[PDB]
Amino acid sequence: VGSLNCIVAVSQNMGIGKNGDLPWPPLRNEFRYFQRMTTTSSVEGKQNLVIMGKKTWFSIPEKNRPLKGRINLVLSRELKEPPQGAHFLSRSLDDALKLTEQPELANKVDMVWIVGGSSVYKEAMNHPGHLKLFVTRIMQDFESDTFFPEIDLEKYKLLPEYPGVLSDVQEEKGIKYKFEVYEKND
Ligand SMILES: NC(=O)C1=CN([C@@H]2O[C@H](COP(=O)(O)OP(=O)(O)OC[C@H]3O[C@@H](n4cnc5c(N)ncnc54)[C@H](OP(=O)(O)O)[C@@H]3O)[C@@H](O)[C@H]2O)C=CC1
């Protein structure tokens, strides 16, 4: 299995969701960035795996569920089996990552992408080892009811460049935003 990554888009007040949807109006090219990053596999004959919590899974419109071209794994301790359209169910993040090393998945999975929500991000971000964060900074405040955890910049270094990620300011629907990549290894 390849690298472990989190990806998120976040407002200036750290918001990631409101009422089960995003705090901002749809940013088409921002979503295209998310799909491109999470789907593109560096290794032939492999797909990337996306890990998400239950409320995040159900926040994706049925139309767009499962995320195509990726293995979709949902985290829950209530569900007895994967939701309609999902591929895997795990009871904990550690369980999911352990699963990636089973015969079933060990040679099928390239990158692992944690795609939310807040508690899954927090656990990933505090777990020792090599991890990147792909963060889109939406450069305005938006009313939110779910938030991204604190990024400890003692340990997460902002990279000065990364292939395939534009470095300049983007703007859609009058909303400026920019792309960042952080990396820790502890
Ligand atoms: N980039 C962005 O801007 C993103 C926005 N979002 C948004 O954030 C919101 C959903 O996020 P949030 O409310 O944090 O919810 P989650 O997606 O994290 O879902 C929470 C449910 O997932 C299960 N769960 C979460 N973590 C674990 C774990 N480690 N082990 C087992 N089960 C787990 C629990 O289910 P159970 O009770 O069944 O055990 C929990 O009640 C929506 O608003 C969505 O739009 C989501 C991701 C990214």
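A quick note on method: Cβ atoms are made from the backbone with ideal geometry, for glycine too, and the neighbour counts reach across all protein chains shown. Every number in this text was worked out from the coordinates using simple rules, so none of it is lab data.
Here is how the numbers come out for the structure above:
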{"read-out": "Residue under evaluation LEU131, criteria (1) out of contact with any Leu (no Cβ under 6 Å at 6 or more places or on another chain); (2) under 23 Å from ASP152 (Cα atoms); (3) more than 8 Å from the ligand (Cβ to nearest atom), criterion not met", "value": "(1)"}
{"read-out": "Counted residues, the stretch 107-121 - those being touching a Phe, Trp or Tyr at 6+ places or on another chain (Cβ under 9 Å) and in a helix (DSSP H, G or I)", "value": "2"}
{"read-out": "Verdict on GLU123 being surrounded by fewer than 17 Cβ atoms within 10 Å (Cβ to Cβ) and away from the ligand (no atom under 11 Å from the Cβ)", "value": "no"}
{"read-out": "Residue in the stretch 160-172 that is touching a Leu at 6+ places or on another chain (Cβ under 9 Å) and assigned to a strand (DSSP E or B) present", "value": "yes"}
{"read-out": "Residue selected from the stretch 36-92 under the condition away from the ligand (no atom under 15 Å from the Cβ) and small (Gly, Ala, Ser), by the criterion farthest from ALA124 (Cα to Cα)", "value": "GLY45"}
{"read-out": "Among residues of the stretch 30-44, those that are in contact (Cβ under 8 Å) with a residue 12 or more places away in the chain and over 18 Å from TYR162 (Cα atoms), counted", "value": "1"}
{"read-out": "Qualifying positions in the stretch 15-35 - within 13 Å of the ligand (Cβ to nearest atom) and either surrounded by fewer than 16 Cβ atoms within 10 Å (Cβ to Cβ) or within 12 Å of the chain's Cα centre (by Cα) (or both)", "value": "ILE16, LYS18, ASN19, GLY20, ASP21, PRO25, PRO26, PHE31, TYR33, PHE34, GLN35"}
{"read-out": "Unmet requirement for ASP95, which otherwise passes all of (1) more than 20 Å from the chain's Cα centre (by Cα); (2) near the ligand (Cβ under 9 Å from one of its atoms)", "value": "(1)"}
{"read-out": "Where a residue in the stretch 52-73 is farther than 15 Å from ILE114 by Cα and its partner, wherever it lies, is more than 12 Å from the ligand (Cβ to nearest atom), with Cβ under 6 Å and at least six apart", "value": "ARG65/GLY85; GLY69/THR39"}
